[PDB]
């Protein structure tokens, strides 16, 4: 008999990342199916397919932990997923507990990322860890003394739904700054600026060409003028926004995840640009790239059931 198997899902806009971990926490399955962002019955279908297929492959009933890009209402279980309008308002935990006939744990994706990153031996004893996801949206997971702070209403770490601070707006032209609409239905949330999507939207606003983030970064590496101006602006915008956040939270370690965390220039430029925007006595946190690559979410979700 296989024993206990822990399944984790990291749900994104585009793909559902699935992982199965055995009794020793060795990853023994890895799947990536398309995220159905049309039907909700189909979104459920994808999740449900993955668990049953894995059930049949190892011949067990795995536990199910799910990391979602949003929040499950603490009273109703209904989802708020700002960059997934498909899933908005659904009782995901109950609906999956129905279809799968077992308990399901649901947590925010950045919380799961921060939890798994902070449980690494090098970080487990740090007094605080901030996990930041820069993907389709901007999300945070807050760990204090090794325990996730999920907040009054599962909102802790929702830095993506804070508005651009004055010094960022000044950088972007003040009354001429682009004010992007947000999936939360507010406007000017940093979710729409510091994410990989926001990086792209800012380029398009200033330069009127809809390039992807990888394309803009390749142009930057060739020293192309528009991309260089964009990247300079973006690095300063990211430093200003993070300096504000760090003046509030003052984390010991910041771990970055999501697609835009692979832009290596970030780790060189933040330490240079942050000091101007921090208090005189501030000391920089250690700012590091995710140590589990793109798997932090899957692992943290699986490990909810530990």
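Between two forms, the rigid core is defined as the largest C-alpha subset superposing within 1.5 Å. Numbering follows the first chain given and starts at 1.
Farther from the shown form on average, by C-alpha root mean square after a core fit in 5 other deposited structures of this protein, is 98 to 106, of the stretches 135 to 143 and 98 to 106. With 69 to 77 and 145 to 153 as candidates, the stretch whose CA atoms show the greater average offset from this form in 5 other deposited structures of this protein after a core fit is 69 to 77. Mean C-alpha B-factor is higher over 34 to 42 than over the other stretch, the pair under comparison being 256 to 264 and 34 to 42. Per the PDB record, of the two stretches 49 to 57 and 25 to 33, 49 to 57 carries the greater mean B-factor over its C-alpha atoms.
When the C-alpha B factors of 149, 225, 90, 161 are read from the deposited coordinates, the top value falls at 225. Across 212, 192, 83, 108, the entry's maximum B-factor at the CA atom is seen for 83.
The entry lists a Cα temperature factor for residue 117 that places it in the lowest third of the chain's modelled residues.
Sort the chain's modelled residues by C-alpha temperature factor and residue 131 lands in the lowest third, per the entry. In the deposited entry, the Cα temperature factor of residue 206 places it in the middle third of its chain's modelled residues.
Among the modelled residues of its chain, residue 103 has a C-alpha B-factor that falls in the highest third according to the deposited record. When all modelled residues of the chain are sorted by CA temperature factor, residue 293 is found within the lowest third.
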